[PDB]
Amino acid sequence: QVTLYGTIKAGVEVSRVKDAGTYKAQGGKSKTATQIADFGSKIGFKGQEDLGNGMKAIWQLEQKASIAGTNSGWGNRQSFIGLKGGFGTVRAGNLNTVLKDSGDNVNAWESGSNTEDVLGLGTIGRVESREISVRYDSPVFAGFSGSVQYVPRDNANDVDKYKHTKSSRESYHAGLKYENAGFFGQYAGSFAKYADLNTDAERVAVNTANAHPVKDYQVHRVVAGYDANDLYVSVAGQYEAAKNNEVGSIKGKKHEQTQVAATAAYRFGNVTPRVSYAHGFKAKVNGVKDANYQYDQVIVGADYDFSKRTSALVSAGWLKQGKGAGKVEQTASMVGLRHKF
């Protein structure tokens, strides 16, 4: 096989921000924006070859392809070469992290890049990435399957390759999943002895502007629920923790945050209504409570399946971030269209 595949998806999104700091017009409310936005259109090529006696060569080259013409690049979405057989699957390339894959049971929503935090559960997803790495995925044995994945030191920091003067940013990713009669539970996590975070607590490249070096960077996620008989329910808990590793007054002090998320949906023929809620508890930053990181959000919407490949989509979200006067409120809604090929 060699298959061309992808998804074209886009819609009209309407959004308003409430922020006393950045806007002054009527209680810190911004104007209402209305935008045509691509929702993350993508195109890939992939294939497999039977190598004889169980084993297959596998490969994939997947690309961002926004119908707004803003992307460029090959292989900037999940892309790999690997082998598959009775042993499971081994791949190397630009790979989804185990946590990024588990996000499929957390964030079912479609939106443009501008609305990812309010028309989707974007905040809980901040830990998810693609990385140049090697990954093993097991076969499914008695309901159970698992993954392990590694990003080498010299891929996490190319510059330092021959002069190991910077602490390693290598990382480990692992997951375990169980499925039985519609019921599912999964753990997914990561560890990096050293890492770097921006102020949104996303991992960024070493030496990025305003990056914060951290040590013992760990992320744990558990997701459980039910997906069968027209019903979908998902509940997720997530925990992120690190020590400050920046040279200065606060080195050694602990960062941490807990997030939770829940989704329910029910299929009525070709219509799926869906509701999501998510909450970020106050973070500990340099060992001190920081309510700037707390958030609450709800999203409601529905998908209308014209076919198995084509859906019309609608949603509305409300998000509140922080506390008091630095507080930010986002509201948004969209209508859209998705076509898989």
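We number the residues from 1 along the sequence you see. Definition used throughout: the rigid core is the maximal C-alpha set that superposes within 1.5 Å between two forms.
- A fit on the rigid core, followed by a root mean square over CA positions in 4 other deposited structures of this protein, ranks 101-109 against 241-249 and picks 241-249 as the more shifted one.
- Of the two segments 32-40 and 49-57, the one whose CA positions lie farther from the displayed form in 4 other deposited structures of this protein, once all are superposed on the rigid core, is 49-57.
- Comparing the deposited coordinates for 316-324 and 17-25, the stretch with the larger average C-alpha B-factor is 17-25.
- Mean C-alpha B-factor is higher over 45-53 than over the other stretch, the pair under comparison being 61-69 and 45-53.
- Per the PDB entry, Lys161 shows the highest C-alpha temperature factor of the residues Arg91, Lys161, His173, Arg77.
- Ranking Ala264, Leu99, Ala209, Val134 by Cα temperature factor from the entry places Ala209 first.
- Per the deposited record, the Cα B-factor of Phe39 falls in the lowest third when ranked against the other modelled residues of its chain.
- When all modelled residues of the chain are sorted by CA temperature factor, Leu337 is found within the lowest third.
- Among the modelled residues of its chain, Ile299 has a C-alpha B-factor that falls in the lowest third according to the deposited record.
- Among the modelled residues of the chain, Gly122 sits in the lowest third by CA temperature factor in this PDB entry.
- In the PDB entry, a CA B factor belonging to the highest third of its chain's modelled residues is recorded for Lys177.
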